[PDB]
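Each chain, written out:
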Amino acid sequence: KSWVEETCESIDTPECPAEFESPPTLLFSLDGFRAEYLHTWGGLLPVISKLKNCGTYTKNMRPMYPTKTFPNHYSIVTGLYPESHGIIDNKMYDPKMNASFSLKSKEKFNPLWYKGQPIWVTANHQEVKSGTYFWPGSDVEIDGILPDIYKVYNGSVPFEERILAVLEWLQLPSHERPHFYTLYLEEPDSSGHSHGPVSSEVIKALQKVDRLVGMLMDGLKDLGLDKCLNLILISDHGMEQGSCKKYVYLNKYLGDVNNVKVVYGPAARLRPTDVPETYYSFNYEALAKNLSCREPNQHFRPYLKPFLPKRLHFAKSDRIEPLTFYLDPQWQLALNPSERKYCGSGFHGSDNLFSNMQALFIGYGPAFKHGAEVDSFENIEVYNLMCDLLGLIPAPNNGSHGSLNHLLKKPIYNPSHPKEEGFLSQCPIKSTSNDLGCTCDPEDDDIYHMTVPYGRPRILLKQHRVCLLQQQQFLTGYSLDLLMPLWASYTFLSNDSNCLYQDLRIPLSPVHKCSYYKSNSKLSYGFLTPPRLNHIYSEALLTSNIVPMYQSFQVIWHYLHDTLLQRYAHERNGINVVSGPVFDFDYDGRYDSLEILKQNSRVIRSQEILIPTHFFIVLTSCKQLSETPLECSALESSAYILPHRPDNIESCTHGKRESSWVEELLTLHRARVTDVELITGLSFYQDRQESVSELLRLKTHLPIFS
Ligand SMILES: *[C@@H]1O[C@H](CO)[C@@H](O[C@@H]2O[C@H](CO)[C@@H](O[C@@H]3O[C@H](CO[C@H]4O[C@H](CO)[C@@H](O)[C@H](O[C@H]5O[C@H](CO)[C@@H](O)[C@H](O)[C@@H]5O)[C@@H]4O)[C@@H](O)[C@H](O[C@H]4O[C@H](CO)[C@@H](O)[C@H](O)[C@@H]4O)[C@@H]3O)[C@H](O)[C@H]2NC(C)=O)[C@H](O)[C@H]1NC(C)=O
Ligand SMILES: Cc1cn([C@H]2C[C@H](O)[C@@H](COP(=O)(O)O)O2)c(=O)[nH]c1=O
Ligand SMILES: *[C@@H]1O[C@H](CO)[C@@H](O)[C@H](O)[C@H]1NC(C)=O
Ligand SMILES: *[C@@H]1O[C@H](CO)[C@@H](O)[C@H](O)[C@H]1NC(C)=O
Ligand SMILES: [Ca+2]
Ligand SMILES: [Zn+2]
Ligand SMILES: [Zn+2]
């Protein structure tokens, strides 16, 4: 009986043959295996289905951006964001090197492109042999290291021969046998492009790939290793149906110009032709502004590199072009109809939160649980997973180590919460009492737990000076070094102008006076906690609850609290809110140091002001709608990192449909709670009853579009 014909068997303890001390780990990749494939065509894939039912499976695995083979395949083995490991796209360009990059190029084998530290290199430093077969980055030597058994990519090699090559390696002597293995197949990406996600060729391709995995499992069984191997069946991205009617050509707005170069696709980038002479000299801002809101329902959007949604993490690299494009699902962009390969073919590269861009993940073996279906996770989390499977100390990556502990039978690493680095001080009444120049028209322990019911945010900033200012409706962490609130937390239950009051607990700043704000300047102040809470709540009008905010952004901030927040309180039976300013001027996704903070402080209206680049807001509710936010058994988080812009050009307000475009901006800039943590230097939910590993799972979560 073949392996697919046998039923499920619990592998609680690894049954390994002699000469084996611990089960090896094989990384099997199927390029272009969209997550929807297994959802729909499970009955046509008997081998893959058995791996799902007897292993750890996830409906959707979120890949990196853009959704291309090389960036993702390399992000898997490095656990790094594409913006940090260097491989941004299949085709790209580095100004500092004056060189282009391509799969079919001599530059592909150039080690100056590959950053970070792939798993086989990590394994090499800790004395673990690795035998790879066609994995991106395996051909090139990184940090002067090559896998003990490697193969320069040759797509002509038959699939059946690739499996046998690895099966032959498993028989090598105990001292010369690799402990980590890789396998790569071009299907169903190839059939997906040429015929589309819904075709007879993809069904035939899925079945072809399915029998091939079955060949491996029968081969493993004949070697007596079917219960002695950790298998990770993964893919790089999904597949979307492209259309000729749904394609954008830049020439229609610019003309047949030759001063600009466009990298076509759903994730388009633009660079000037005179490069690197005008790579920075070219002002993209004018071109970006000249391309926004030209159509009634434009299916693409011009983005300066830092203005992209933070969840994408696609800015802090030289190779990423300063002008990018965000496109609607099923839409691609190009300069001229001649540059593109084809318009009505299966494509990928769209937003990584899109439904059809989702990837595959199946963990099978003695180390993985049997028939356990888990929630979605990013592929950068997989790097740490392999280190635990190979017994390696992981290189510094972007994945939250331990967040995938629920996949393993016996977890290797037990994570802990980050210690508080902030210099926590207290603010008594010390400075009374300045004139604010405002016109106004006519115990403690119980109130604390009510405002921060999951525990106060811990200050990970080193070594920032923060005071905890307690009020009757909210608790705010105030910064003494910046003289403005870092965060303000309050609980809003299901059913419950030009004036301000000086908070005598904080030192007075000239920007706290209403006299500082004129009706002509676009810059004003906003509240972190809505004053319309619970008559009218006056403590929300404290000086310590205001932040510098553009007038154009106040349109989004007020509607967010006056309309949406109240609707969410009815749907989710109350919500707990934590809000605050975000300062990331170097657009790297992490909080800025005091040094770079002082460099970006503009002076306006004769006073020095540090103005926020973004505003974060975290909404927390109960998973059970019968419970209020003060008595949750399980949490329901949703974070947002909203861009603080002087105008609303991104939204195309023109047509004036306000209730629509605001929510579309909110949904687009949704982010992981971890993303908010990374960019603000705060740590949430530390006093929460669930374990650290569970909380990591919660904070790294993002919802899938459509
Ligand atoms: C995802 O995860 C990745 C990896 O974990 C994160 O990426 C990391 O980001 C940090 C900071 O953003 C990087 O550290 C910085 O490295 C740069 C560049 O280093 C080189 O650049 C210079 C060449 O011109 C040179 O100055 C450096 O030389 C030495 O510098 C110091 C001097 O003492 C020395 O200690 C180093 O060993 C170097 O030999 C070097 O050649 C550097 O500019 C940064 O310095 C800043 O911080 C330091 C203090 O650490 C400070 O002294 C400086 O003033 C400056 O402010 C810093 O070292 C790191 O390299 C990245 N890791 C990798 C491998 O990519 C990423 O942040 C995560 N992303 C998200 C969104 O979470
Ligand atoms: C793994 C690998 C794939 N390729 C090719 C084969 C795939 O068909 C192609 C991926 O297409 P894609 O990026 O659009 O998904 O890249 C290389 O050129 N070199 C390599 O090392
Ligand atoms: C950059 O490279 C191109 C071709 O590789 C070359 O024509 C050009 O002269 C180079 N420019 C500089 C400044 O080296
Ligand atoms: C690629 O692989 C095939 C099959 O092994 C082989 O016949 C061919 O010669 C190889 N091509 C290259 C580039 O060596
Ligand atoms: Ca920063
Ligand atoms: Zn691919
Ligand atoms: Zn492809």
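Conventions we followed
- Residues numbered from 1 in each chain as written, not as in the entry; some residues may be left out.
- Chains lettered and ligands numbered in written order.
- Heavy atoms only, no water.
- Residues with missing side-chain atoms left out of burial classes, pairs and counts.
- Helix = DSSP H or I, 4+ residues; strand = E, 2+ residues; numbered from the N terminus.
- Rg over C-alpha atoms; globule rule 2.2 N^0.38 Å.
- Near = heavy atom within 4 Å.
- Polar contact = N/O pair within 3.5 Å; in protein donor to acceptor, adjacent residues only side chain to side chain.
- Domains from an automatic or database assignment.
- Contact = heavy atoms within 4.5 Å.
- Nonpolar A, V, L, I, M, F, W, Y, C, P; charged D, E, K, R; others polar.
- Donors = N, O, S within 2.8 Å, 3.2 Å for Na, K, Ca; no water.
- Buried < 20%, exposed > 50% of the residue type's maximum accessible area, 1.4 Å probe, protein only.
- Axes fitted to C-alpha atoms, helices over the stretch in contact; angles between N-to-C directions.
- Parallel < 35°, antiparallel > 145°, perpendicular 65-115°, else oblique.
- Left-handed = near helix turned anticlockwise from the far one by under 90°.
- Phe/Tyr/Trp six-rings, centres within 6.5 Å; stacked < 30°, edge-to-face > 60°.
- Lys NZ or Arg CZ within 6 Å of the ring centre and 35° of its normal.
- Patch = residues over 30% accessible without salt bridge, like charges linked within 9 Å, V, L, I, M, F, W, Y side chains within 5 Å.
- Areas by Shrake-Rupley, 256 points an atom, 1.4 Å probe, with all protein chains shown as cover.
- Salt bridge = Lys/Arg side-chain N within 4 Å of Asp/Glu carboxyl O.
- Pairing = 2+ DSSP bridges.
- Disulfide = S-S within 2.5 Å.
- Core = buried A, V, L, I, M, F, W, Y, C linked by side-chain atoms within 4.5 Å.

- X-ray crystallography is the method the PDB entry states for this structure, with the resolution given as 3.2010 Å.

**What to know about the overall build of the chain**
Right, on to step 1. Scanning the chain from N- to C-terminus turns up 17 helices and 33 strands.
Right, on to step 2. Here the C-alpha atoms of the chain give a radius of gyration of 27 Å, agreeing with the 27 Å that 2.2 N^0.38 yields for 706 residues.
Right, on to step 3. The principal-axis extent of the C-alpha atoms belonging to the chain is close to 85 × 65 × 45 Å.

**Some words on the site of ligand 4**
Right, on to step 1. All residues adjacent to ligand 4 are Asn-154, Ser-156 and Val-157.
Right, on to step 2. Taking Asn-154, its side chain carries an N or O atom lying 2.4 Å from an oxygen atom of ligand 4.

**Observations regarding the domain arrangement of the chain**
Right, on to step 1. As far as domains go, the chain holds domain 1 (1-413) and domain 2 (414-706).
Right, on to step 2. Contact with domain 1, which involves 35 residues of that partner, is made by 31 residues of domain 2.
Right, on to step 3. Broken down by class, the residue content of the side of domain 1 that touches domain 2 amounts to 13 nonpolar, 11 polar and 11 charged.

**Focus on the coordination of the zinc ion (ligand 7)**
Right, on to step 1. With distances of 2.0 to 2.2 Å, the protein atoms coordinating the zinc ion (ligand 7) are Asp-189 (OD), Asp-189 (OD), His-193 (NE2) and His-348 (NE2).
Right, on to step 2. Positions of the donor residues of the zinc ion (ligand 7) along the chain correspond to the pattern D-x3-H-x154-H.
Right, on to step 3. In this structure, the zinc ion (ligand 7) lies 4.0 Å from the zinc ion (ligand 6). Of this pair, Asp-189 sits in helix α7 (residues 189-195) while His-348 sits in the loop between β16 (346-347) and β17 (361-364), and the two are 159 residues apart along the sequence.
Right, on to step 4. The exposure class of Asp-189 is buried, given its relative accessible area of 11%.
Right, on to step 5. The exposure class assigned to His-348 is buried, which follows from its relative accessible area of 5%.

**Details of the packing of helix α6 (residues 159-169) against helix α8 (residues 200-222)**
Right, on to step 1. It is at 10 Å that the axes of α6 and α8 come closest, and there the two elements cross at 25°. Accordingly, the angle class assigned to the pair α6 and α8 is roughly parallel. You can see that α6 and α8 cross each other, and the crossing is right-handed. Contact residues: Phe-159, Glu-160, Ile-163 and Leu-167 in α6; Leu-212, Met-215, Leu-216, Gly-219 and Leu-220 in α8.
Right, on to step 2. A breakdown of the residues in the contact of α6 with α8 according to their chemical character gives seven nonpolar, one polar and one charged.

**Observations regarding helix α11 (residues 382-390)**
Right, on to step 1. Among the nine residues in α11, nine count as buried, and that is most of the element.
Right, on to step 2. All of the buried residues in α11 are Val-382, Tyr-383, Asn-384, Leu-385, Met-386, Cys-387, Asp-388, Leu-389 and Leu-390.
Right, on to step 3. Phi turns positive one or two residues past the end of α11, at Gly-391, with a value near 65°.

**Topic: the packing of aromatic side chains**
Right, on to step 1. Considering all chains together, one arrives at 30 aromatic pairs under this definition.
Right, on to step 2. Measuring from ring centre to ring centre gives 5.4 Å for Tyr-65 and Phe-314, while their planes differ by 85°; the resulting arrangement is edge-to-face. Within this pair, whereas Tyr-65 is found in the loop between β3 (61-62) and α3 (69-78), its partner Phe-314 is found in the loop between β13 (300-304) and β14 (323-327), the two being separated by 249 residues in sequence. For the pair formed by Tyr-65 and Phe-314, the shared burial category is buried.
Right, on to step 3. Within the aromatic cluster, the residues linked to one another by ring pairs are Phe-70, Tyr-74, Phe-101, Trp-113 and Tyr-114.
Right, on to step 4. We note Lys-50 situated over the ring of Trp-3; from NZ or CZ to the ring centre the distance is 3.6 Å.
Right, on to step 5. Its end group placed over the ring of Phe-20, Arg-177 keeps NZ or CZ at 3.8 Å from the ring centre.

**Some details on the coordination of the calcium ion (ligand 5)**
Right, on to step 1. Within the protein, the atoms that donate to the calcium ion (ligand 5) are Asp-584 (OD), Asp-586 (OD), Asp-586 (OD), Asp-588 (OD), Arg-590 (O) and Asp-592 (OD), at distances of 2.3 to 3.2 Å.
Right, on to step 2. For the calcium ion (ligand 5), the donor residues sit on a single chain with the sequence spacing D-x1-D-x1-D-x1-R-x1-D.

**A look at the packing of helix α13 (residues 554-571) against helix α15 (residues 658-668)**
Right, on to step 1. Closest axis-to-axis distance for the α13/α15 pair is 10 Å, and the angle between their directions is 90°. With respect to α15, the axis of α13 lies roughly perpendicular. Residues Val-555, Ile-556, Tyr-559, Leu-560, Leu-564 and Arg-567 of α13 pack against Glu-658, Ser-659, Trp-661, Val-662, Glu-663, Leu-665 and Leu-666 of α15.
Right, on to step 2. Split by residue class, the contact of α13 with α15 holds nine nonpolar, one polar and three charged.

**What about a nonpolar patch on the surface?**
Right, on to step 1. Judged by side-chain polarity, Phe-109, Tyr-150 and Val-152 come together as a nonpolar surface patch covering roughly 280 Å² of accessible area.
Right, on to step 2. Residue placement: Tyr-150 occurs in the loop between β6 (130-131) and α6.

**Re the pairing of β14**
Right, on to step 1. For β14, a buried count of five out of five residues is recorded, marking the element as mostly surrounded by other parts of the structure.
Right, on to step 2. With burial as the criterion, each face of β14 is covered, one bearing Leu-323, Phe-325 and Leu-327 and the other bearing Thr-324 and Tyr-326.
Right, on to step 3. Pairing of strand β12 (residues 269-272) with β14 involves two bridges; the strand directions are antiparallel. Residue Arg-269 lies in a different strand from β14, and its bridge partner there is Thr-324.
Right, on to step 4. With five bridges joining them, β13 and β14 adopt antiparallel strand pairing. Each bridged residue has a counterpart across the sheet, and for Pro-302 the counterpart in β14 is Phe-325.

**Section: the state of the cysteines**
Right, on to step 1. Applying the stated criterion to the full structure yields eight disulfides.
Right, on to step 2. Bridging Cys-293 to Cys-652, the disulfide has an S-S length of 2.0 Å. On the sign convention where negative means left-handed, the S-S torsion of about -105° between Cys-293 and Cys-652 marks this disulfide as left-handed.
Right, on to step 3. For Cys-652, a relative accessible area of 31% gives the class partly exposed.
Right, on to step 4. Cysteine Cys-387 is unpaired, with the sulfur of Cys-16 as its nearest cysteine sulfur at 20 Å.

**Points about the sheet that holds β12**
Right, on to step 1. As summarised here, the arrangement of the four strands in space is β11-β12-β14-β13, forming an open sheet in which the pairing is antiparallel. Looking along the sheet, the strands with just one partner apiece sit at the ends: β11 (260-263) and β13. For this sheet the average axis-to-axis angle between neighbouring strands, irrespective of direction, equals 25°.

**Comments concerning the nonpolar core**
Right, on to step 1. If you look at the biggest cluster of nonpolar residues, it comprises 56 residues, and the most contacted ones within it are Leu-27, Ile-119 and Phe-361.
Right, on to step 2. Secondary-structure elements contributing two or more residues to this core are α3, β5 (99-101), α5 (119-125), β8 (230-234) and α11.
Right, on to step 3. Counting residues per element, this core draws most heavily on α11, at seven residues.
Right, on to step 4. Of the residues that make up this core, three or more belong to each of domain 1 (1-413) and domain 2 (414-706).
Right, on to step 5. Setting aside its immediate chain neighbours within four residues, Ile-119 contacts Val-77, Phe-180, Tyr-383, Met-386, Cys-387, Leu-390 and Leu-392.
Right, on to step 6. In terms of nonpolar packing, the next biggest core, distinct from the first, is built from 47 residues, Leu-26, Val-157, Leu-170 and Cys-228 among them.

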